[PDB]
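Take a look at the structure set out below.
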Amino acid sequence: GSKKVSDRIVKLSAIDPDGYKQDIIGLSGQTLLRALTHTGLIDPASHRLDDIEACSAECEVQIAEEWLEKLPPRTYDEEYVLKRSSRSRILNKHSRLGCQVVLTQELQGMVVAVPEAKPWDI
Amino acid sequence: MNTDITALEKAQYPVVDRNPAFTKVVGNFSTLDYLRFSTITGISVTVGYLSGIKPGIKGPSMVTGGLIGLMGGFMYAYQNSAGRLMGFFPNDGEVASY
Amino acid sequence: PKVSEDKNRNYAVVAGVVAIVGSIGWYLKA
Amino acid sequence: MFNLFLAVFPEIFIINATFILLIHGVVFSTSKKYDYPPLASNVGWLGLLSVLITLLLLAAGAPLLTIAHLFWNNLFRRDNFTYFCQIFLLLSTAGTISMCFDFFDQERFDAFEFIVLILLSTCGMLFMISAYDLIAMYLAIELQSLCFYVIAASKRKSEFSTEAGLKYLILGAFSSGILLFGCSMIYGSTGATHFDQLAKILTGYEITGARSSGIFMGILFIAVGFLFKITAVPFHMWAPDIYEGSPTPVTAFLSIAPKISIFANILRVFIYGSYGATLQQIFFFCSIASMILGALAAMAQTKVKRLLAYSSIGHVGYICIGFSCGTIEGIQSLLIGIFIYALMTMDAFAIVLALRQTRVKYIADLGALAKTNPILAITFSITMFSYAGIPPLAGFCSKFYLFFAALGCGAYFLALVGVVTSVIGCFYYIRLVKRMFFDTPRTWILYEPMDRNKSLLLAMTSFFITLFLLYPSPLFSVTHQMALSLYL
Amino acid sequence: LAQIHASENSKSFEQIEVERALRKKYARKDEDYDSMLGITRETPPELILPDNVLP
Amino acid sequence: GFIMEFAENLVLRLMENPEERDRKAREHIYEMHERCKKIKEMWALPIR
Amino acid sequence: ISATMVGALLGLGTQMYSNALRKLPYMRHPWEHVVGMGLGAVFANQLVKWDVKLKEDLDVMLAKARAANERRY
Amino acid sequence: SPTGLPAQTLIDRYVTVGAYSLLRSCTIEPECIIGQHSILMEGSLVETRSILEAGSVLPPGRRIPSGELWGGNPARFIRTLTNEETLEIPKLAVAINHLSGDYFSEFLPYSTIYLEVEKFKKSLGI
Amino acid sequence: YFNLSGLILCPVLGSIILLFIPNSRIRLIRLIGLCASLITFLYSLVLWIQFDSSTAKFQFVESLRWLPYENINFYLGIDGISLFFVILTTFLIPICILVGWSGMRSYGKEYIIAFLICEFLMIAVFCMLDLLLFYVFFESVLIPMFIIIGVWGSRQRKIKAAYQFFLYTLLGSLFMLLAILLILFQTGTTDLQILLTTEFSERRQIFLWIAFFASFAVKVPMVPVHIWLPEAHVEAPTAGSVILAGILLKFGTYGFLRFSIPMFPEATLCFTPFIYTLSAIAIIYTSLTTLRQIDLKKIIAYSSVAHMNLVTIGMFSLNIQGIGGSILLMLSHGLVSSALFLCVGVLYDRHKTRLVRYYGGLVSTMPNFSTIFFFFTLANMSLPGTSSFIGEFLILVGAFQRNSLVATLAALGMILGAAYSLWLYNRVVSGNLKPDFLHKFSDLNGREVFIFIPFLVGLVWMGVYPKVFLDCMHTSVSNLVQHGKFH
Ligand SMILES: CCCCCCCCCCC(CCCCCCCCCC)(CO[C@H]1O[C@@H](CO)[C@H](O[C@@H]2O[C@@H](CO)[C@H](O)[C@@H](O)[C@@H]2O)[C@@H](O)[C@@H]1O)CO[C@H]1O[C@@H](CO)[C@H](O[C@@H]2O[C@@H](CO)[C@H](O)[C@@H](O)[C@@H]2O)[C@@H](O)[C@H]1O
Ligand SMILES: CCCCC/C=C/C/C=C/C/C=C/C/C=C/CCCC(=O)O[C@H](COC(=O)CCCCCCCCCCCCCCCCC)COP(=O)(O)O[C@H]1[C@H](O)[C@H](O)[C@@H](O)[C@H](O)[C@H]1O
Ligand SMILES: CCCCCCCCCCCCCCCCCC(=O)O[C@@H](COC(=O)CCCCCCCCCCCCCCC)COP(=O)(O)OCC[N+](C)(C)C
Ligand SMILES: CCCCCCCCCCCCCCCCCC(=O)O[C@@H](COC(=O)CCCCCCCCCCCCCCC)COP(=O)(O)OCC[N+](C)(C)C
Ligand SMILES: CCCCCCCCCCCCCCCCCCCC(=O)O[C@H](COC(=O)CCCCCCCCCCCCCC)COP(=O)(O)OCCN
Ligand SMILES: [Fe+3]
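Residue numbers (PDB author numbering), protein chains in the order written: chain O, 37 to 158; chain f, 1 to 98; chain v, 74 to 103; chain N, 12 to 499; chain y, 210 to 264; chain i, 2 to 49; chain d, 3 to 75; chain x, 129 to 254; chain M, 9 to 495.
Laid out in structure tokens, this is it:
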């Protein structure tokens, strides 16, 4: 009725490569990368756009097994980005683009493992 | 050393003083040569001045630009004067004195 | 208020004006 | 004893000015009185002034540069072609230097040695165009290559620059080794290195009566080295990576100036490489391969500088088409294409450095640019269409007369491949126009305005590109004179 | 918080120009040449806000 | 006056000399065809 | 059309092109506009003269090349 | 902000704010005409293509959904926007930008007050 | 001294003035653009006064050097054929400005820039005797049409529509460019007067004719390549889509007249049955495809395709009356198709459906639009008394005189033309009124009422008295038919 902002609030458990748990807060309907952007653990200047063509695995996040069966899978190029812009030309089967993952209301308590930030300047 | 100055494209104008001396072409600087030797130096000095105000090198940058412009302007004046002397330039001022 | 009182800018200004004079002469005398 | 130096006179000035700039920038960048000033914009402006002054010195003394030619004969011979190539190389260098000024302030990259090394590379190129020998050519190639290796990895704490610098180093050293082997193995089989005495003992006799394995193999090795320098397929192993990693002002200079000098070297070598069975077919095949690979590789590229690198490779292939003919019209088309490509590359890199202010990386960042900055949008669209060879622009005249020269020699297979690659390249050129006029993404990126240097260069180049097919006579005449002066 | 606004709004012309030039000079940093020159550049105290107003 | 006097004269001064047009076309054809052979012989020159 | 009105117009046009390409009002500095007009006129006139000279010194060289070819027999 | 989001207020493209709109740590999506006397508070969010009627007040942590018309003393729904009227937002913002540019040319840079400064200072002393 | 140079300069001045006009001054932009377009139209009309339809040679010519040796150069001029195309090009563009007049605030000044650029661009195409530069301006129209289709397209699917319209054109363009290079290298120049007087080789004739046909069969919709026109034509703004079928469709068909028929006299005769067997089956297949269509724009485009395939038959049938009838049909089609797309676009600018299912019973309301639509449908219905019938009767006469079989198949086209156009008219503006979908709607105001007035008057004028059009170009058609042979 009153349309509070708190209804579409999604809380996750992003963990830095230093093994520290973080309680991040996002919105339902926007990308997971946007949710990771407010905390600042992912540099906003690197991935300013939300387009798939403008992705080079700089939004790559590692997902636990228990969260991978309740969101749509990699269609054609979500895997291509992983298997192209990586040190090892192989998929992890536990990683997903944070740019393509949209946050749903039921996707609360999700744990995401942000890896070490790769260079993105030029 | 064995030197032989000779142009493949011969001078179109009178060819007085085929191999002039350094001080001679220095002393042959007409009013136009001095004018063009001075304008380049002035441009260089003012460019060195204007460029060196952001870093804070107000004067030494001007001096360096002055050195560069002085060398370039003297080089240009010498080139024009010598080329006029060897003949392959429109002289109309050297045959009059020769 | 009668002299600029800057022993560094005046040389730059005279260099600029003589450069302008040289440019106008080079256009004219050539 | 002093008037003999009027032939090498402009190079002396640029060397001395480089030394003066180095001394000034090392003395006044360490003083505590001026608390270690940046001293990069100052050195850049002084270097641009020096380049303009030596350009004036070279242009005015057109009847000069020929006196005492016998004395300088063993070292360098500068005919009319050399003068017209150098006067254009200096202009391109000055344009690049003027372009890379805002990069020294907003990026805060205050290293004055950058401009000094650019000036030294320019002097090396000047020595290269007139290098009428098998020794001066190699010395000048190495002189520019060292500066390029150093300034490719100029940004140290970055990761793409140093890696690209190392790969460029390895590729260049390997290419130089091959070229030097070829030069040595044609010297030992002929006994001569100077071009006059090399175009006299093998011009009238190449494979007619018999053949020598050493001289043919050395010619092939020289051609392989030259193709490595210009990054022609398949000798393009790492060029796109070099274009990516290298700083954008560097790759603006790395894709315009070196190609002109290397192509001048190839043209000067062609006057003695009269075999016709060792140089034309290899360049024919490499041109075909380069066009095909560039057209089919820039289609998939999503970044900006990678696309520019592959477009440059494709343009190098089109350029080599004109050299494969080996006629006066072929060389004329060659030179016209080189000039047009240099101007258009200056245009594109002016755009890229303009958009570098907000760190544009991918092709999608410049989306919806037709509304935020409509004028820059239409300028960049005109540049892309000029790349496409769209008729009513410059960049179509070059491809036109290139294809005409190709049909002059009766190489009909070259024409069809050129047409197919032109269509394919036009598609992914207009793909950029689609991304920034038609498609409007949800997220917009705003680009800050540029400086007067880039803006003025951009305006001049954009007016040159569009309004070129109304008055193209001077370029055609000068290129025909240059091609005709190559032999007499 | 009010004292920083009070100080900034009450700066003389000969002082505001100096602060503007200093802010322009230290707008962006460059660790590369700073480390290569053996120097370090610290922001002037007049360009640093007191720690009480920072989050 | 009347519209014929104000229209016929203007039209006939705007027609601009049909015979001279044909003559000019003829010598243009001849001159450019002569230049065509010169251009062909220009292209016939060998590179060396 | 006298190689100078086109040059002046092109210089003024490129001046406004540079001025408005930075997202500024077109007539910011009139003095650089007039100096751009002057520079455009000068460059256009010199381009015409250089074209005439290029053709003149290209014909006298193409004639030499053709004569050198014609001495084959 | 109470919502836990970053408290910076960002105004996207083609957004008309309207006079006496007291924005504070809000968040506005593009094409979001805001009426007069608007009291957008901390953490309040406005989704795109929506219009907020004049006099509207909304407490912290209250959002406005996608294209939809609200107003009143609290955040109260009014009606849903039609397609014909929901494209008039960008045109309205463009017209306001045109009028602002019309004002922009009125005054040139580097005002001539300094001349009056010197003239008034010359009246006494230095 | 109203020469051709000013006719091209005036749109250039109009565009240049518009470039430096602030976006806020929307009042001045439209006024000055429309004034420039109307001045260009009057400057084109005055040329018809001083045309001098007596000489076989070319009219006012302007020569501007393009290469250092005057090898090839800008050589202007009209003979008897491109004059009417120049007039109609100068007349259609002000209609384009007027139709997109109300919504100019969103369009901005960039809308008029593209239209005026294309305006003098198509002006420079028809009066361009030099063969190569005819190709330069022949493909120069890619950019303005690309921009018009993409930037101001109706729906979001415009991205794929423009790609076909571009690439299909580029393929044939470069295929023609190769032939141009072969001709220039062989002959030496590309001037039209000389190049028509060069003895060609029969084996070379066929290859060059095929190379020209590679692109000229794309501009006129042929059987193998006609997919681009509907997909890239339904998805363009009404002001812009009205010249894809207006002047952008007459390049290749008219290009046959100027650069194929007199150029290759011995090859067109050898390839005559191929053109017949293409166009005769085109007029059938496209017409049948038209019947099972739902979109309002696509049906008119398909009818245009059928009309062009019909005029192609009468053009390659070398007759003194066949070619004249081809030109009359092309002018009449340029009028009627333009009018039909404005008629079907005024509906879209009010309701935005482009579906015949929603439209129905539009005679009980907006009767003036119904009357105009009925008149233009009758013009497309190929009735005598309108300019079209004069158009295809001469086509049929020219075809039958040469081949009896082709005339019957061609007239099957005008038989089948009554199956889709009349059905559309009775299914759009004469059905049962439905208030479920078309809740409210207005009629034509003073703008679109005046837009159709020149169309109606020109239609009737060229239908009941086509003498002046035939009078002005009997010499040129006679010269074109009699070429190469001497009997
Ligand atoms: C980029 C946009 C293009 C938009 C306009 C395109 C239209 C271009 C036509 C405009 C225009 C200027 C060109 C402007 C260039 C723009 C520069 C861009 C950068 C500017 C910032 C070229 O027009 C003519 O120029 C001639 C130059 O050669 C050429 O004629 C050919 O040349 C022969 C060569 O051998 C050929 O053998 C032959 O076949 C042709 O005779 C042709 O180009 C053309 O006929 C106007 O003509 C100008 O050129 C000359 C002759 O009139 C005039 O100077 C002359 O000099 C003395 C003898 O030189 C004369 O004693 C003196 O009487 C006169 O003063 C000028 O006063 C002016 O009249
Ligand atoms: C009815 C009226 C009709 C209309 C009448 C029309 C009259 C036409 C007159 C035109 C005057 C032409 C002027 C040419 C203008 C050139 C540009 C101005 C140059 C200039 O910044 O000034 C001097 C510099 O000095 C020179 O380094 C080099 C500058 C040397 C050039 C100065 C030459 C001026 C002499 C002009 C002739 C005098 C004739 C006097 C005429 C009046 C007689 C009564 C001040 O330096 P500065 O360090 O304090 O500060 C500058 C300046 O702030 C900016 O450039 C930068 O922001 C800053 O970094 C720094 O560079
Ligand atoms: C003749 C040797 C040839 C080889 C030389 C190689 C040198 C290469 C590198 C050149 C470096 C030049 C360094 C010399 C400058 C040293 C400092 C200096 O002399 O300038 C003075 C003073 O200079 C001037 O004021 C005017 C400069 C002279 C400009 C006159 C025109 C230019 C000279 C013409 C060309 C020079 C010819 C030199 C003799 C051949 C500096 O004054 P400021 O520091 O600006 O004032 C104090 C600032 N503050 C208040 C903040 C403390
Ligand atoms: C072979 C072609 C010859 C030239 C073509 C013209 C020949 C006549 C073609 C038009 C005939 C009339 C058809 C008009 C459309 C019919 C449906 C319609 O829309 O009706 C309209 C239009 O009504 C008309 O019929 C107007 C007829 C005007 C045509 C008169 C001109 C015919 C003679 C001209 C022929 C040329 C003469 C020779 C020129 C040299 C309004 O009718 P209402 O009675 O008001 O009913 C509508 C319901 N409600 C009132 C609720 C809105
Ligand atoms: C062919 C047909 C189309 C061509 C048409 C040409 C028309 C004629 C040329 C028109 C020129 C108009 C120029 C108007 C005068 C402007 C003067 C401004 C000079 C100026 O402001 O000084 C500096 C700007 O640098 C500068 O402005 C000078 C550096 C500019 C770099 C240009 C390099 C030229 C050499 C290479 C050219 C490319 C050749 C390729 C073959 C400082 O600027 P600021 O005061 O604003 O303060 C710093 C802002 N950052
Ligand atoms: Fe991503």
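The C-beta atom is built at its ideal place from N, Cα and C for all residues, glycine as well.
Query, Result
"With distances taken from CA atoms, which of O:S49, O:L133, O:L118, O:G134 is nearest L127 (chain O)?", "O:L118"
"Please list the partners that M461 (chain N) has in chain d, where partner means a Cβ-to-Cβ separation under 8 Å.", "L23, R24"
"If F95 (chain N) and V431 (chain N) are in contact, beta carbons under 8 Å, what's the gap, nearest whole angstrom?", "About 34 Å separates the two Cβ atoms, so there is no contact after all."
"Flag this pair as yes or no: are the beta carbons of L35 (chain f) and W99 (chain v) separated by less than 8 Å?", "yes"
"Leaving out five residues before and five after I93 (chain v) in sequence, what residues of the same chain have Cβ atoms less than 6 Å from its Cβ?", "none"
"Residues of chain N with a CB under 8 Å from the CB of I167 (chain M): which are they?", "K445, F449, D450"
"Listed from N- to C-terminal order along the chain, which residues in the region 47-67 of chain O have their beta-carbon within a distance smaller than 7 Å of any beta-carbon of chain x?", "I61"
"Compare the C-alpha of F449 (chain N) against each of M:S312, M:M374, M:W160 and name the closest.", "M:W160"
"How many whole angstroms separate the CB atoms of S473 (chain N) and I393 (chain N), which I take to be in contact at a CB cut-off of 8 Å?", "6 Å"
"For residue 517 (chain M), would you say it is in contact with chain d, using Cβ-to-Cβ distances shorter than 8 Å as the test?", "Outside the displayed range of chain M (9 to 495) lies residue 517 (chain M), so it cannot be described from this structure."
"Expressed to the nearest angstrom, what Euclidean distance is found between the alpha-carbon atoms of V436 (chain M) and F382 (chain M)?", "11 Å"
"Should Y112 (chain O) be listed as close to ligand 8, given that the test is whether its C-beta is under 7 Å from any heavy atom?", "The ligand content of the structure shown is limited to ligand 1, ligand 2, ligand 3, ligand 4, ligand 5 and ligand 6, which means ligand 8 is not among them."
"Return yes when the Cβ of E216 (chain x) is within less than 8 Å of the Cβ of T208 (chain x), no when it is not.", "no"
"Which two residues bound the contiguous alpha helix (DSSP H) that contains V69 (chain M)?", "Here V69 (chain M) belongs to no alpha helix (DSSP H), and DSSP marks it neither H nor E."
"Under 8 Å between beta-carbons, which chain d residues line up against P273 (chain M)? List them in chain order, please.", "Result: empty, since nearest Cβ-Cβ is about 36 Å, beyond 8 Å."
"State the Cα-Cα distance for the pair residue 501 (chain N) and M136 (chain M), rounded to the nearest angstrom.", "Look at the range of chain N in this structure, 12 to 499, and you will see that residue 501 (chain N) is not part of it."
"Just the C-alpha distance for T477 (chain N) and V144 (chain M), rounded to the nearest angstrom, thanks.", "13 Å"
"Express the C-alpha separation of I253 (chain N) and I303 (chain N) in angstroms, rounding to a whole number.", "21 Å"
"Using CA atoms only, rank isn't needed, just tell me which of M:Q67, M:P76, M:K65 is closest to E58 (chain d).", "M:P76"
"In its own chain, which residues sit with a C-beta less than 6 Å from the C-beta of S172 (chain x), not counting the 5 before and 5 after it?", "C154, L186, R190"
"Whole alpha helix (DSSP H) runs in the region 340-393 of chain M with 4 or more residues, listed along the chain?", "375-388"
"Taking C-beta to C-beta, are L128 (chain N) and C158 (chain N) nearer than 8 Å?", "yes"
"Candidates f:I57, f:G52, f:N19: which alpha carbon is nearest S42 (chain N)'s?", "f:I57"
"Is any beta-carbon of chain d found at less than 8 Å from that of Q492 (chain N)?", "yes"
"Could you tell me the distance, in whole angstroms, from the CA atom of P253 (chain y) to the CA atom of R30 (chain d)?", "36 Å"
"In this structure, does DSSP put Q98 (chain O) in helix, strand or coil?", "strand"
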